[PDB]
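Shown below: query.cif, with mmCIF, C-alpha atoms.
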```cif
data_final
#
loop_
_atom_site.label_atom_id
_atom_site.label_comp_id
_atom_site.auth_asym_id
_atom_site.auth_seq_id
_atom_site.Cartn_x
_atom_site.Cartn_y
_atom_site.Cartn_z
CA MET K 1 75.46 14.16 -45.92
CA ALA K 2 74.32 11.75 -43.14
CA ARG K 3 71.41 9.61 -42.08
CA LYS K 4 68.99 11.48 -39.69
CA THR K 5 66.88 8.60 -38.32
CA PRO K 6 68.49 5.25 -37.55
CA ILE K 7 67.34 2.49 -39.89
CA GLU K 8 66.14 0.39 -36.89
CA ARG K 9 63.39 2.99 -36.22
CA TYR K 10 61.68 2.47 -39.55
CA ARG K 11 58.60 0.21 -39.94
CA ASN K 12 57.43 -0.43 -43.51
CA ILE K 13 54.04 -2.01 -42.99
CA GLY K 14 50.96 -2.99 -44.75
CA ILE K 15 47.52 -3.09 -43.17
CA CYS K 16 45.92 -6.10 -44.88
CA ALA K 17 42.18 -6.87 -44.58
CA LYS K 18 41.36 -1.67 -43.48
CA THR K 19 40.19 1.91 -44.32
CA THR K 20 38.95 2.47 -40.75
CA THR K 21 42.12 0.99 -39.15
CA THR K 22 44.33 3.10 -41.42
CA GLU K 23 42.31 6.32 -40.80
CA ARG K 24 42.59 5.79 -37.06
CA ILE K 25 46.37 5.17 -37.30
CA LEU K 26 46.71 8.50 -39.16
CA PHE K 27 44.63 10.21 -36.50
CA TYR K 28 46.57 8.92 -33.45
CA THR K 29 49.95 9.45 -35.01
CA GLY K 30 49.00 12.95 -36.19
CA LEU K 31 47.83 14.47 -32.91
CA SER K 32 50.56 12.71 -30.92
CA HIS K 33 53.27 14.38 -33.02
CA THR K 34 44.12 6.29 -51.57
CA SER K 35 47.79 7.44 -51.18
CA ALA K 36 50.23 4.65 -52.25
CA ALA K 37 52.30 5.16 -49.08
CA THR K 38 51.95 7.55 -46.14
CA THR K 39 54.65 8.35 -43.61
CA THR K 40 53.61 8.72 -39.95
CA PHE K 41 55.45 9.00 -36.64
CA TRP K 42 54.92 7.04 -33.46
CA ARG K 43 56.78 7.07 -30.16
CA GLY K 44 54.33 4.87 -28.25
CA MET K 45 51.16 5.30 -26.25
CA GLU K 46 53.32 6.61 -23.30
CA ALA K 47 56.08 8.07 -25.45
CA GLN K 48 58.16 5.15 -24.23
CA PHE K 49 60.19 4.83 -27.46
CA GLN K 50 62.26 7.10 -29.68
CA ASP K 51 60.19 8.39 -32.65
CA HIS K 52 59.69 5.66 -35.24
CA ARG K 53 58.89 6.39 -38.89
CA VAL K 54 55.99 4.10 -39.83
CA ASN K 55 55.47 3.96 -43.62
CA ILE K 56 51.98 2.63 -44.27
CA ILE K 57 51.82 1.07 -47.75
CA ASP K 58 48.40 0.77 -49.35
CA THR K 59 47.65 -2.93 -49.99
CA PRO K 60 45.36 -4.52 -52.61
CA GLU K 61 50.64 -7.01 -57.65
CA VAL K 62 50.20 -8.76 -54.31
CA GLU K 63 53.65 -10.45 -54.59
CA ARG K 64 55.11 -6.98 -55.29
CA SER K 65 53.30 -5.34 -52.33
CA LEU K 66 54.69 -7.96 -49.95
CA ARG K 67 58.29 -7.21 -51.05
CA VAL K 68 57.70 -3.45 -50.56
CA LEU K 69 56.48 -3.89 -46.98
CA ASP K 70 58.65 -5.54 -44.36
CA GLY K 71 55.92 -6.63 -42.00
CA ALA K 72 52.19 -6.61 -41.85
CA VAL K 73 49.17 -6.08 -39.64
CA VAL K 74 46.57 -8.61 -40.83
CA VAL K 75 43.15 -7.41 -39.77
CA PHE K 76 40.20 -9.85 -39.12
CA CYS K 77 36.61 -8.89 -38.25
CA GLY K 78 35.64 -10.22 -34.79
CA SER K 79 32.32 -11.63 -36.02
CA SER K 80 33.26 -13.23 -39.36
CA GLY K 81 37.03 -13.72 -39.05
CA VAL K 82 39.09 -15.81 -41.48
CA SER K 83 42.72 -13.56 -46.58
CA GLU K 84 43.66 -17.24 -47.03
CA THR K 85 45.19 -16.58 -50.46
CA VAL K 86 47.13 -13.51 -49.15
CA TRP K 87 48.31 -15.35 -46.02
CA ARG K 88 49.78 -18.19 -48.14
CA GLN K 89 51.76 -15.81 -50.36
CA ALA K 90 52.96 -14.07 -47.18
CA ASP K 91 54.22 -17.45 -45.95
CA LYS K 92 56.12 -17.98 -49.23
CA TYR K 93 57.95 -14.67 -48.89
CA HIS K 94 58.43 -15.15 -45.11
CA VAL K 95 56.69 -11.91 -44.16
CA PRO K 96 56.58 -11.32 -40.45
CA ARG K 97 53.03 -10.53 -39.25
CA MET K 98 50.84 -9.68 -36.35
CA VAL K 99 47.11 -9.99 -36.17
CA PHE K 100 44.46 -7.40 -35.25
CA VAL K 101 40.93 -8.71 -34.51
CA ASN K 102 38.85 -5.57 -35.06
CA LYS K 103 35.16 -4.67 -34.66
CA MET K 104 35.07 -6.28 -31.16
CA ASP K 105 32.09 -4.03 -30.45
CA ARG K 106 29.90 -5.81 -33.08
CA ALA K 107 27.30 -8.53 -32.75
CA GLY K 108 28.89 -12.01 -32.71
CA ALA K 109 32.40 -10.75 -31.80
CA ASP K 110 34.67 -13.45 -30.31
CA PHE K 111 38.35 -12.90 -30.15
CA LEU K 112 39.53 -16.36 -29.14
CA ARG K 113 37.28 -17.99 -31.78
CA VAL K 114 39.01 -15.93 -34.51
CA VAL K 115 42.35 -16.88 -33.01
CA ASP K 116 41.50 -20.56 -33.01
CA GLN K 117 40.56 -20.22 -36.77
CA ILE K 118 43.92 -18.58 -37.62
CA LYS K 119 45.56 -21.64 -36.10
CA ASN K 120 43.17 -24.23 -37.72
CA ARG K 121 42.24 -22.71 -41.12
CA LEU K 122 45.47 -20.83 -41.81
CA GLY K 123 47.94 -23.35 -40.33
CA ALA K 124 49.62 -20.61 -38.36
CA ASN K 125 50.83 -20.41 -34.72
CA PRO K 126 49.01 -17.44 -33.22
CA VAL K 127 49.82 -16.22 -29.68
CA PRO K 128 47.54 -13.70 -28.06
CA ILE K 129 49.20 -10.81 -26.28
CA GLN K 130 45.85 -9.37 -25.23
CA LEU K 131 42.33 -10.46 -24.16
CA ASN K 132 39.28 -8.36 -24.86
CA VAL K 133 37.39 -7.04 -21.87
CA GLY K 134 33.85 -7.81 -22.98
CA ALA K 135 32.41 -8.18 -26.45
CA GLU K 136 29.72 -6.47 -28.54
CA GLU K 137 28.18 -3.50 -26.64
CA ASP K 138 30.07 -4.83 -23.52
CA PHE K 139 33.49 -4.28 -25.09
CA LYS K 140 35.20 -1.62 -22.93
CA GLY K 141 38.96 -2.27 -23.44
CA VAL K 142 41.70 -4.89 -23.48
CA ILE K 143 44.04 -6.63 -21.16
CA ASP K 144 47.72 -6.25 -21.93
CA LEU K 145 48.70 -9.83 -21.00
CA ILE K 146 52.42 -8.90 -20.71
CA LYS K 147 51.90 -6.11 -18.19
CA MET K 148 48.87 -7.94 -16.70
CA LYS K 149 46.99 -4.71 -16.63
CA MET K 150 43.77 -3.48 -18.12
CA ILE K 151 43.97 -0.56 -20.53
CA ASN K 152 41.23 2.00 -19.97
CA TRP K 153 41.30 4.46 -22.85
CA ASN K 154 39.78 7.90 -22.09
CA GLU K 155 36.51 8.49 -23.91
CA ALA K 156 36.62 12.31 -24.14
CA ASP K 157 40.18 12.35 -25.67
CA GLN K 158 39.21 9.84 -28.37
CA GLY K 159 41.62 7.40 -26.71
CA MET K 160 44.56 9.84 -26.83
CA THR K 161 45.25 8.96 -23.15
CA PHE K 162 44.55 5.91 -21.04
CA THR K 163 45.15 4.64 -17.55
CA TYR K 164 46.41 1.22 -16.60
CA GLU K 165 44.08 -0.56 -14.12
CA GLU K 166 43.78 -3.99 -12.43
CA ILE K 167 42.41 -6.97 -14.29
CA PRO K 168 38.74 -7.26 -13.21
CA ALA K 169 38.03 -10.20 -10.84
CA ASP K 170 36.05 -12.36 -13.32
CA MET K 171 38.89 -12.29 -15.88
CA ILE K 172 41.90 -13.10 -13.63
CA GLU K 173 41.88 -16.90 -14.32
CA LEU K 174 41.32 -16.42 -18.06
CA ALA K 175 44.03 -13.74 -18.17
CA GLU K 176 46.41 -16.15 -16.33
CA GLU K 177 45.71 -19.08 -18.69
CA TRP K 178 46.60 -16.94 -21.72
CA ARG K 179 49.63 -15.27 -20.02
CA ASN K 180 50.93 -18.76 -19.34
CA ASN K 181 50.58 -19.54 -23.05
CA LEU K 182 52.47 -16.42 -24.11
CA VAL K 183 55.23 -17.04 -21.60
CA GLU K 184 55.75 -20.62 -22.80
CA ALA K 185 55.63 -19.16 -26.34
CA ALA K 186 58.50 -16.86 -25.39
CA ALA K 187 60.38 -19.62 -23.53
CA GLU K 188 60.78 -21.65 -26.72
CA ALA K 189 62.90 -18.89 -28.38
CA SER K 190 66.10 -20.10 -26.70
CA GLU K 191 67.82 -22.69 -24.50
CA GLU K 192 68.52 -20.00 -21.87
CA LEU K 193 64.90 -18.75 -21.73
CA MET K 194 63.56 -22.30 -21.47
CA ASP K 195 65.93 -23.14 -18.56
CA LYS K 196 64.82 -20.03 -16.64
CA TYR K 197 61.15 -20.68 -17.41
CA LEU K 198 61.38 -24.25 -16.15
CA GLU K 199 63.20 -23.28 -12.92
CA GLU K 200 61.50 -20.01 -11.92
CA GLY K 201 58.19 -20.37 -13.75
CA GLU K 202 58.49 -16.78 -14.99
CA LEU K 203 60.19 -14.35 -17.30
CA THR K 204 60.62 -10.60 -17.25
CA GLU K 205 58.68 -8.26 -19.52
CA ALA K 206 61.87 -7.42 -21.44
CA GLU K 207 62.66 -11.17 -21.93
CA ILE K 208 59.14 -11.95 -23.08
CA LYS K 209 59.05 -9.03 -25.53
CA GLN K 210 62.51 -9.81 -27.04
CA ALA K 211 61.60 -13.49 -27.44
CA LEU K 212 58.20 -12.82 -29.00
CA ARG K 213 59.84 -10.33 -31.33
CA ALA K 214 62.48 -12.90 -32.41
CA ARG K 215 59.79 -15.56 -33.07
CA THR K 216 57.70 -13.05 -35.07
CA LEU K 217 60.75 -12.07 -37.16
CA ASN K 218 61.53 -15.81 -37.90
CA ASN K 219 57.86 -16.43 -38.81
CA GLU K 220 57.37 -19.02 -36.04
CA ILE K 221 54.43 -17.15 -34.46
CA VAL K 222 51.92 -14.41 -35.12
CA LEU K 223 50.98 -12.19 -32.15
CA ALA K 224 47.34 -11.29 -31.71
CA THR K 225 45.63 -8.23 -30.51
CA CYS K 226 42.13 -6.87 -30.64
CA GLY K 227 39.88 -3.88 -30.32
CA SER K 228 37.50 -1.42 -31.85
CA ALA K 229 38.40 1.48 -34.16
CA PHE K 230 34.97 3.12 -33.80
CA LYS K 231 35.06 3.08 -29.98
CA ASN K 232 38.66 4.45 -30.07
CA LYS K 233 39.84 1.36 -28.19
CA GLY K 234 42.68 -0.68 -29.67
CA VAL K 235 44.51 0.73 -32.66
CA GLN K 236 46.71 2.73 -30.30
CA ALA K 237 47.96 -0.57 -28.89
CA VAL K 238 48.43 -2.01 -32.42
CA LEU K 239 50.86 0.88 -33.09
CA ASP K 240 52.87 -0.02 -29.94
CA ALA K 241 52.96 -3.67 -31.20
CA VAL K 242 54.27 -2.54 -34.59
CA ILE K 243 57.23 -0.98 -32.84
CA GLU K 244 57.76 -3.82 -30.42
CA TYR K 245 57.25 -6.83 -32.68
CA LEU K 246 57.45 -5.94 -36.39
CA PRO K 247 60.66 -5.76 -38.35
CA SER K 248 62.79 -2.82 -39.20
CA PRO K 249 64.45 -2.95 -42.69
CA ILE K 250 67.52 -4.69 -41.20
CA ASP K 251 65.40 -7.51 -39.66
CA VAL K 252 64.36 -9.06 -42.98
CA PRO K 253 66.59 -10.80 -45.47
CA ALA K 254 68.54 -8.75 -48.08
CA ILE K 255 66.40 -8.38 -51.22
CA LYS K 256 67.34 -10.56 -54.18
CA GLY K 257 67.75 -9.60 -57.77
CA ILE K 258 69.29 -10.76 -61.03
CA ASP K 259 72.56 -9.32 -62.44
CA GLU K 260 73.72 -8.88 -66.07
CA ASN K 261 74.89 -12.51 -66.22
CA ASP K 262 71.49 -13.79 -65.10
CA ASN K 263 72.79 -14.75 -61.66
CA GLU K 264 71.05 -14.16 -58.35
CA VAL K 265 72.54 -11.46 -56.18
CA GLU K 266 71.49 -9.52 -53.14
CA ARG K 267 71.33 -5.93 -51.94
CA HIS K 268 71.75 -5.37 -48.22
CA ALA K 269 69.80 -2.71 -46.24
CA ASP K 270 72.80 -0.43 -45.86
CA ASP K 271 73.43 3.11 -47.06
CA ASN K 272 76.94 2.10 -48.19
CA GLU K 273 75.68 -0.58 -50.61
CA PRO K 274 75.06 0.35 -54.21
CA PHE K 275 71.69 2.01 -54.75
CA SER K 276 68.73 -0.14 -55.65
CA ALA K 277 65.02 0.48 -55.58
CA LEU K 278 61.73 -0.90 -56.85
CA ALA K 279 59.12 1.39 -58.39
CA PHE K 280 55.92 -0.05 -56.92
CA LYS K 281 53.09 2.36 -57.82
CA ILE K 282 52.82 5.33 -60.20
CA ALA K 283 50.11 7.87 -59.41
CA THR K 284 49.01 10.76 -61.56
CA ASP K 285 48.77 14.34 -60.27
CA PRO K 286 47.26 17.39 -62.01
CA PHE K 287 50.06 19.75 -60.76
CA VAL K 288 53.24 17.66 -60.73
CA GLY K 289 52.38 15.06 -63.39
CA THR K 290 53.44 11.70 -62.07
CA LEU K 291 54.49 10.45 -58.66
CA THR K 292 56.67 7.36 -58.90
CA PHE K 293 56.56 5.57 -55.51
CA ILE K 294 59.78 3.72 -54.74
CA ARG K 295 61.00 1.48 -51.99
CA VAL K 296 64.72 1.90 -51.61
CA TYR K 297 66.46 -1.34 -50.56
CA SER K 298 70.05 -0.31 -50.53
CA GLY K 299 72.18 2.77 -50.83
CA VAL K 300 70.90 6.29 -51.29
CA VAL K 301 69.43 8.40 -54.03
CA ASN K 302 69.45 12.20 -54.13
CA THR K 303 67.76 14.86 -56.19
CA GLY K 304 69.93 15.38 -59.31
CA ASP K 305 71.24 11.82 -59.37
CA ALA K 306 71.54 9.89 -62.55
CA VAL K 307 70.26 6.33 -61.94
CA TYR K 308 69.72 3.35 -64.24
CA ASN K 309 66.37 1.76 -65.03
CA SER K 310 67.58 -1.82 -65.35
CA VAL K 311 64.40 -3.04 -66.95
CA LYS K 312 64.36 -0.45 -69.70
CA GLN K 313 68.14 -0.35 -69.90
CA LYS K 314 68.26 3.47 -69.91
CA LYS K 315 69.31 6.22 -67.50
CA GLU K 316 66.80 8.30 -65.53
CA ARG K 317 67.64 11.47 -63.63
CA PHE K 318 65.91 12.17 -60.31
CA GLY K 319 64.37 15.61 -59.86
CA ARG K 320 62.03 16.41 -57.00
CA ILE K 321 61.22 13.91 -54.28
CA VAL K 322 58.35 13.91 -51.81
CA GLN K 323 56.97 11.88 -48.91
CA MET K 324 53.27 11.93 -48.30
CA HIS K 325 52.21 12.63 -44.70
CA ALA K 326 48.57 12.44 -43.55
CA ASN K 327 48.05 16.18 -43.99
CA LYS K 328 50.86 17.48 -46.19
CA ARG K 329 53.86 16.61 -48.32
CA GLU K 330 57.41 16.90 -47.16
CA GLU K 331 59.65 17.92 -49.98
CA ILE K 332 62.93 16.00 -49.49
CA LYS K 333 66.35 15.78 -51.15
CA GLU K 334 67.32 12.16 -50.53
CA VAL K 335 65.89 8.73 -49.95
CA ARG K 336 67.93 6.12 -48.10
CA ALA K 337 67.91 2.35 -47.62
CA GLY K 338 64.76 1.13 -45.96
CA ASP K 339 62.66 4.12 -46.87
CA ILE K 340 59.77 4.98 -49.20
CA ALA K 341 59.15 8.13 -51.21
CA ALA K 342 57.79 9.41 -54.48
CA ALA K 343 59.83 10.88 -57.32
CA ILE K 344 58.11 13.59 -59.36
CA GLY K 345 58.26 13.66 -63.09
CA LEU K 346 60.41 10.62 -63.98
CA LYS K 347 60.37 10.14 -67.78
CA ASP K 348 59.95 6.49 -68.43
CA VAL K 349 59.45 4.36 -65.41
CA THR K 350 56.77 1.68 -65.26
CA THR K 351 55.47 -0.04 -62.14
CA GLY K 352 57.77 -2.98 -61.22
CA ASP K 353 60.83 -1.36 -62.75
CA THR K 354 64.13 -1.41 -60.80
CA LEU K 355 66.18 1.77 -60.39
CA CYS K 356 69.83 1.19 -59.49
CA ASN K 357 73.40 2.44 -59.56
CA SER K 358 74.77 2.17 -63.17
CA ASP K 359 77.95 0.42 -62.04
CA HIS K 360 76.12 -2.35 -60.12
CA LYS K 361 73.14 -3.19 -62.31
CA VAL K 362 70.47 -5.40 -60.80
CA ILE K 363 66.87 -6.28 -61.67
CA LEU K 364 64.82 -6.83 -58.51
CA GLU K 365 61.66 -8.02 -60.25
#
```
If you convert what's in this file into structure tokens, what do you get?
Amino acid sequence: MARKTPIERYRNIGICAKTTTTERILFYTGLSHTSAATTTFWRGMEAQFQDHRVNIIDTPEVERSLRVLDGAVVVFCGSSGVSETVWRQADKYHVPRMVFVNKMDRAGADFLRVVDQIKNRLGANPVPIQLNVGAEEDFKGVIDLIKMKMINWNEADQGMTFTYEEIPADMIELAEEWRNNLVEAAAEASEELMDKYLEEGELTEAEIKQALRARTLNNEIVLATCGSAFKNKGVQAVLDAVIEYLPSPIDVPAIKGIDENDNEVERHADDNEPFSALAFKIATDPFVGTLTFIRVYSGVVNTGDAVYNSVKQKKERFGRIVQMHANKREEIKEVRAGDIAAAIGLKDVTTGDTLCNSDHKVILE
């Protein structure tokens, strides 16, 4: 029995802030194709990618949530802005992140101000990849600084389609100043990119995206976007950024746990590694009893498998397994490395417990 979706197309993310951003993500993903974790599909605003499985993990415990997700979308209101406690813990666990400055349609909205605060108050290195076109009631879209094009989302579709257009005349200089910043941000990813940047004064879109992705993954920068969920202008582009810049399960370090001799060991994101998983939320249900949400880090688990609860030091047997989608449940038979699902009816599993292969015991938490 083989893997159906390559592990590189998974994005385990948290949306940290939230309810409006998440509801819009479920809406866009749904028509294009609180629950502890919801699986959605996204192939890009222009269907420019293969289908990616985006597992959206509900975020507030906090230290546990950050190990369950691989990357995060940290959402800041355009008017208030800067979270500080969460950001610091994220730094400790080296969680790659991007930033979404939402509510750009509201009074007092100022994208660059929020960005300057992330740099100054949070000690981060934010790099905008967009510029808002207007603010408050004048907010009508964004500028994709990499393509150097304005995104005009259709109003009747609810932003389900858009058209690329030219950067309006009064924004050209501002758009160029910030594109220069992002390019130099990309140039510092390698010796080769810097040498080209210095000689030619430019980099290709593919070079810029690869570089910005690498710097996001090594926690050197945080890319910044903006928009408005209510005006259906922006979250569609956040979803593209998740694919382009946030990590897959093989882009983060192997999870660490403790073995039977109290020594630190790791479990690599590979289906051939011994099975290991963390139970991160247990939800009750009036028809199926309990839903034990697990993040699988390594190996595979199937319905009928005997596994070991390393905390309780007892065997559990997996029965039914489900993944929650926005509008239904998919009943499944296996859960592989890098994925999230819920096991129905486990007997004695508590939140934070590790489930693993009996012959390679490990406690993740």
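Atom pair CA of residue 175 (chain K) / CA of residue 71 (chain K): separated by 27.6 Å.
The residues caught by the PyMOL selection byres ((chain K and resi 35) around 9) in this file are residues 34, 36, 37, 38, 57, 58, 283 and 324 of chain K.
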Any chance you can output those residues with C-alpha atoms as a compact mmCIF listing (two decimals), in the coordinates of the input?
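Once written, out_0.txt looks like this:
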```txt
# COMPACT_ATOMS: atom_id res chain seq x y z
CA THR K 34 44.12 6.29 -51.57
CA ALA K 36 50.23 4.65 -52.25
CA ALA K 37 52.30 5.16 -49.08
CA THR K 38 51.95 7.55 -46.14
CA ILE K 57 51.82 1.07 -47.75
CA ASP K 58 48.40 0.77 -49.35
CA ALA K 283 50.11 7.87 -59.41
CA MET K 324 53.27 11.93 -48.30
```
Neighbours of region 128-133 of chain K within 6 Å (all atoms listed in the file; same-chain residues fewer than 5 positions away dropped), as an mmCIF file with C-alpha atoms, keeping the file's coordinate frame?
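Once everything was written out, this is part_37.cif:
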```
data_model
loop_
_atom_site.group_PDB
_atom_site.id
_atom_site.type_symbol
_atom_site.label_atom_id
_atom_site.label_comp_id
_atom_site.auth_asym_id
_atom_site.auth_seq_id
_atom_site.Cartn_x
_atom_site.Cartn_y
_atom_site.Cartn_z
ATOM 1 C CA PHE K 139 33.490 -4.280 -25.090
ATOM 2 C CA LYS K 140 35.200 -1.620 -22.930
ATOM 3 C CA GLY K 141 38.960 -2.270 -23.440
ATOM 4 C CA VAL K 142 41.700 -4.890 -23.480
ATOM 5 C CA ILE K 143 44.040 -6.630 -21.160
ATOM 6 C CA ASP K 144 47.720 -6.250 -21.930
ATOM 7 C CA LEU K 145 48.700 -9.830 -21.000
ATOM 8 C CA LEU K 223 50.980 -12.190 -32.150
ATOM 9 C CA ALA K 224 47.340 -11.290 -31.710
ATOM 10 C CA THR K 225 45.630 -8.230 -30.510
#
```
What are the centre and edge lengths in Å, to one decimal, of the axis-aligned box around all listed atoms of region 223-240 of chain K with 6 Å added on each side, as JSON?
```
{"center_x": 43.9, "center_y": -3.9, "center_z": -31.2, "size_x": 29.9, "size_y": 28.6, "size_z": 18.0}
```
*Name the residues that the PyMOL selection byres ((chain K and resi 176) around 12) pulls out of this structure, and write them as JSON, numbers by chain.*
{"K": [129, 130, 131, 143, 144, 145, 146, 147, 148, 149, 167, 169, 170, 171, 172, 173, 174, 175, 177, 178, 179, 180, 181, 182, 183]}
Now that the selection is made, can you save its residues with C-alpha atoms as a compact mmCIF listing (two decimals), in the coordinates of the input?
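Resulting contents of selection20.txt:
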```txt
# COMPACT_ATOMS: atom_id res chain seq x y z
CA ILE K 129 49.20 -10.81 -26.28
CA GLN K 130 45.85 -9.37 -25.23
CA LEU K 131 42.33 -10.46 -24.16
CA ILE K 143 44.04 -6.63 -21.16
CA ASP K 144 47.72 -6.25 -21.93
CA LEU K 145 48.70 -9.83 -21.00
CA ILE K 146 52.42 -8.90 -20.71
CA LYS K 147 51.90 -6.11 -18.19
CA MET K 148 48.87 -7.94 -16.70
CA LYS K 149 46.99 -4.71 -16.63
CA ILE K 167 42.41 -6.97 -14.29
CA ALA K 169 38.03 -10.20 -10.84
CA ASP K 170 36.05 -12.36 -13.32
CA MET K 171 38.89 -12.29 -15.88
CA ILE K 172 41.90 -13.10 -13.63
CA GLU K 173 41.88 -16.90 -14.32
CA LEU K 174 41.32 -16.42 -18.06
CA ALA K 175 44.03 -13.74 -18.17
CA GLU K 177 45.71 -19.08 -18.69
CA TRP K 178 46.60 -16.94 -21.72
CA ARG K 179 49.63 -15.27 -20.02
CA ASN K 180 50.93 -18.76 -19.34
CA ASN K 181 50.58 -19.54 -23.05
CA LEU K 182 52.47 -16.42 -24.11
CA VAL K 183 55.23 -17.04 -21.60
```
*Applied to the shown file, which residues does the PyMOL selection byres ((chain K and resi 4-14) around 6) return, written as a ChimeraX atom specification?*
/K:3,15-16,52-57,69-72,248
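Straight-line separation from CA of residue 257 (chain K) to CA of residue 317 (chain K): 21.9 Å.
Picture a line from CA of residue 229 (chain K) to CA of residue 126 (chain K); it runs 21.7 Å.
Residue nearest residue 40 (chain K), chosen from K:206, K:66, K:25, K:74 and counting all atoms listed in the file: K:25.
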*Residue with smallest distance to residue 136 (chain K) - pool K:115, K:75, K:107, K:193, counting all atoms listed in the file*: K:107
*Find the spatial neighbours of region 298-306 of chain K, counting all atoms listed in the file, within a cut-off of 9 Å - ignore same-chain residues fewer than 5 positions away - and output them as a ChimeraX atom specification.*
/K:254-255,267-277,315-321,332-338,343,357-358
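The residue that comes closest to residue 292 (chain K), out of K:279, K:222, K:122, K:68 and on the basis of all atoms listed in the file, is K:279.
In terms of minimum interatomic distance to residue 47 (chain K), K:239 ranks closest within K:90, K:98, K:239, K:211, counting all atoms listed in the file.
For the choices K:356, K:104, K:156, K:135, the atom-to-atom distance to residue 230 (chain K) is smallest for K:104 when using all atoms listed in the file.
Shortest separation to residue 23 (chain K) among K:207, K:137, K:201, K:327 occurs at residue K:327, atoms counted being all atoms listed in the file.
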The residues within 12 Å of (58.7, -18.9, -26.6), using all atoms listed in the file and the coordinates of the file, should be reported as an mmCIF file with C-alpha atoms, in the coordinates of the input; which are they?
```
data_model
loop_
_atom_site.group_PDB
_atom_site.id
_atom_site.type_symbol
_atom_site.label_atom_id
_atom_site.label_comp_id
_atom_site.auth_asym_id
_atom_site.auth_seq_id
_atom_site.Cartn_x
_atom_site.Cartn_y
_atom_site.Cartn_z
ATOM 1 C CA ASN K 125 50.830 -20.410 -34.720
ATOM 2 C CA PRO K 126 49.010 -17.440 -33.220
ATOM 3 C CA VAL K 127 49.820 -16.220 -29.680
ATOM 4 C CA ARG K 179 49.630 -15.270 -20.020
ATOM 5 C CA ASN K 180 50.930 -18.760 -19.340
ATOM 6 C CA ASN K 181 50.580 -19.540 -23.050
ATOM 7 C CA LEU K 182 52.470 -16.420 -24.110
ATOM 8 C CA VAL K 183 55.230 -17.040 -21.600
ATOM 9 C CA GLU K 184 55.750 -20.620 -22.800
ATOM 10 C CA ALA K 185 55.630 -19.160 -26.340
ATOM 11 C CA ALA K 186 58.500 -16.860 -25.390
ATOM 12 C CA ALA K 187 60.380 -19.620 -23.530
ATOM 13 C CA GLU K 188 60.780 -21.650 -26.720
ATOM 14 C CA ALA K 189 62.900 -18.890 -28.380
ATOM 15 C CA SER K 190 66.100 -20.100 -26.700
ATOM 16 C CA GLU K 191 67.820 -22.690 -24.500
ATOM 17 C CA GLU K 192 68.520 -20.000 -21.870
ATOM 18 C CA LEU K 193 64.900 -18.750 -21.730
ATOM 19 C CA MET K 194 63.560 -22.300 -21.470
ATOM 20 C CA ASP K 195 65.930 -23.140 -18.560
ATOM 21 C CA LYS K 196 64.820 -20.030 -16.640
ATOM 22 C CA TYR K 197 61.150 -20.680 -17.410
ATOM 23 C CA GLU K 202 58.490 -16.780 -14.990
ATOM 24 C CA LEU K 203 60.190 -14.350 -17.300
ATOM 25 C CA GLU K 207 62.660 -11.170 -21.930
ATOM 26 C CA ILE K 208 59.140 -11.950 -23.080
ATOM 27 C CA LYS K 209 59.050 -9.030 -25.530
ATOM 28 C CA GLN K 210 62.510 -9.810 -27.040
ATOM 29 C CA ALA K 211 61.600 -13.490 -27.440
ATOM 30 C CA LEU K 212 58.200 -12.820 -29.000
ATOM 31 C CA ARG K 213 59.840 -10.330 -31.330
ATOM 32 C CA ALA K 214 62.480 -12.900 -32.410
ATOM 33 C CA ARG K 215 59.790 -15.560 -33.070
ATOM 34 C CA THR K 216 57.700 -13.050 -35.070
ATOM 35 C CA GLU K 220 57.370 -19.020 -36.040
ATOM 36 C CA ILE K 221 54.430 -17.150 -34.460
ATOM 37 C CA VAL K 222 51.920 -14.410 -35.120
ATOM 38 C CA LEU K 223 50.980 -12.190 -32.150
#
```
Residues near residue 218 (chain K), anyone? I mean within 10 Å using only C-alpha atoms, not counting same-chain ones fewer than 6 positions away, as a compact mmCIF listing (two decimals) with C-alpha atoms, in the frame of the given file.
```txt
# COMPACT_ATOMS: atom_id res chain seq x y z
CA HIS K 94 58.43 -15.15 -45.11
CA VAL K 95 56.69 -11.91 -44.16
CA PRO K 96 56.58 -11.32 -40.45
CA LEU K 212 58.20 -12.82 -29.00
CA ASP K 251 65.40 -7.51 -39.66
CA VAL K 252 64.36 -9.06 -42.98
```
*residue 106 (chain K) environment, 7 Å, all atoms listed in the file, sequence neighbours closer than 3 positions dropped, as JSON, numbers by chain*: {"K": [79, 103, 109, 136]}
